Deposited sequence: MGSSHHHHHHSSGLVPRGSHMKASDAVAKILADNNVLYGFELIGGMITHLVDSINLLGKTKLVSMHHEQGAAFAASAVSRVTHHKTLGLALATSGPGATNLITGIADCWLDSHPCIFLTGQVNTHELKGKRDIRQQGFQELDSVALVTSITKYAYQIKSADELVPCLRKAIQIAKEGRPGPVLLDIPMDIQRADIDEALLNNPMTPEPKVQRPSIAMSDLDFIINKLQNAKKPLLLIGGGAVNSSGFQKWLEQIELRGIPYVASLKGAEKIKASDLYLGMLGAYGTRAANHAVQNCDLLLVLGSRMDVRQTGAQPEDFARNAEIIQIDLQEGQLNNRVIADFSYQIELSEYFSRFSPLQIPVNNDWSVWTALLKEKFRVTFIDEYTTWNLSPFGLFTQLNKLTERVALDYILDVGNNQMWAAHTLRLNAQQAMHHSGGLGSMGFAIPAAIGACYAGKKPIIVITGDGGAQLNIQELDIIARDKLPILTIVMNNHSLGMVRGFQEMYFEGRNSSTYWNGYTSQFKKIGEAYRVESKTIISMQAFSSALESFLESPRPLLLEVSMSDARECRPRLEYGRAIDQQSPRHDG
């Protein structure tokens, strides 16, 4: 069997079901074999960076059940993937990257030249620091096992991206078809700490939410009445609930941060407790609590926040080994969770009442109007992203998606293409004016493929998050996003008022379809709450619930 046909077969048999590409000579055999088999849907995009973001959104939107694929040619194709690869690496989402390479006999090998073949570039050397596995196939007999290995590595433990570099001659070669075809005492210790806490709280992180069994385990936590907060990456997958206080940290809800600083036991499930979660005083994190941290990765234990008790456990195993129903029922906790609900009621409010359009009002309207609609949100990077992270309260079949660790602007629009294809559901993008520019060209794909993606551009005529902290502001100069959308054949609307916003959103939900909204937000250049001056996480600005 032809090697490229074997690659197509292996991808489809291992749940790599959606791929994204910009073509080049060195991947024609792969693309052709994939399209012919027709089990993996391959979508053409205008920039391999866009392809990489779309591919990453496949595992994101399917909660790691299905993997994405990005294909690129050697040289500039491979170098164009890199931002996306790095996002998958820093947020631990699985994704497959295949680069086509020049013929093995055209490689420079060890010769002291910068390149030998046309458009030759070693992609492995570029991505070794940001992948779980990166290898260039040397002989056609390595291809099948190495691809199977790479896919297994992407998915396993702490997930992430993998890359195989495949010389064109190997793609065309024949392969052999026949050869193709925890301590119970630790668990108990944690239970006992939970049982005896007067004010327990979970911190749900990125390591928890995409691990098998998570939502069923959380249902049992709710049955026991234990409240919780989440990191940005945990928050992506958590439905709104009275026991869920929202995201913690610098931009987190005042209520979530209050809970963290007043709990007597904090159980941290797969969170790095990085500077965005803790602020500049990790010593002060959960100051009234004993902290338990569970993580698969020893290096992420005893790091910034030194937990009182640290356990190296993979979380899907933890969830199958520990039912929260084994925690004795405790009615002391009702007073605590009532206290937190009331804190949320009184502090989860509009802090932008003197702005022309409040971000809190916009996101409150999204929460309300989409209550019975299965859709996901994709966020870009900037103040706009944090407006969303704070205020989005996800309804039953809704997730939101962020570039958290890397924080790459330009993620959202192309990611929405992948999310829509793999999630088979409408998508709402929120992006800022700066971030919208980077992969604006992929609006063409949204139009071409008639995808039900609503793109909301929150235009504050500034690179807002850095402007607050010459190179971020141009005296009100801005691009015409409504006109850019229309130029790309996407129905577009200028949104000046809450009525216009609400009407446009209703229209989209009634008849999902390519739509772009340019929201005029010149006075909206900060987040409230926010954390300043090295302060504790329960001292967000504006001061005192400000």
| item | value |
| --- | --- |
| Ranges of the deposited sequence (numbered from 1) for which no C-alpha atom is modelled | 1-20, 202-214, 503-511 |
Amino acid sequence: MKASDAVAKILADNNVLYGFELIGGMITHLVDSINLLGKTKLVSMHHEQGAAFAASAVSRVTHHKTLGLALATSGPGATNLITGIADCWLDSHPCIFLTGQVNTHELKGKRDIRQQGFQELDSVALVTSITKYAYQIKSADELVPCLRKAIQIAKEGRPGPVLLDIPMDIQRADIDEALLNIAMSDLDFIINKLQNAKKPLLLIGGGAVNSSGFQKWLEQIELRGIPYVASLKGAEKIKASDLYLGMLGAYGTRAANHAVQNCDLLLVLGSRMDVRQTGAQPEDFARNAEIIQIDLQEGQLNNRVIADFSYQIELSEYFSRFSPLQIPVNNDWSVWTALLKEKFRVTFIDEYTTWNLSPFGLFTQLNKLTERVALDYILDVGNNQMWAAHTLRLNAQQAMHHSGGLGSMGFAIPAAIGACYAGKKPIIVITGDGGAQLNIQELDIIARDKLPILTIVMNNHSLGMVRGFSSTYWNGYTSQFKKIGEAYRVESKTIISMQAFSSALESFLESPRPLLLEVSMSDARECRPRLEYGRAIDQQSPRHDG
From here on, numbers count along this sequence of modelled residues.
| query | finding |
| --- | --- |
| Per the entry, higher mean C-alpha B factor between 369-377 and 450-458 | 369-377 |
| Segment of higher mean CA temperature factor, 170-178 or 286-294 | 170-178 |
| Candidate residues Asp122, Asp444, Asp141, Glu236, the one whose C-alpha B factor the record puts highest | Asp141 |
| Residue with highest C-alpha B-factor in the PDB entry, from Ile85, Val229, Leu325, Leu438 | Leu325 |
| Cα B factor band for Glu48 (lowest, middle or highest third within the chain) | lowest |
| B-factor third for the C-alpha atom of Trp387 within its chain | lowest |
| Chain-relative CA temperature factor third for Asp186 | highest |
| Chain third (lowest, middle, highest) by recorded CA B-factor, residue given as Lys343 | highest |
| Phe20 - which third its CA temperature factor falls in, relative to the rest of the chain | lowest |
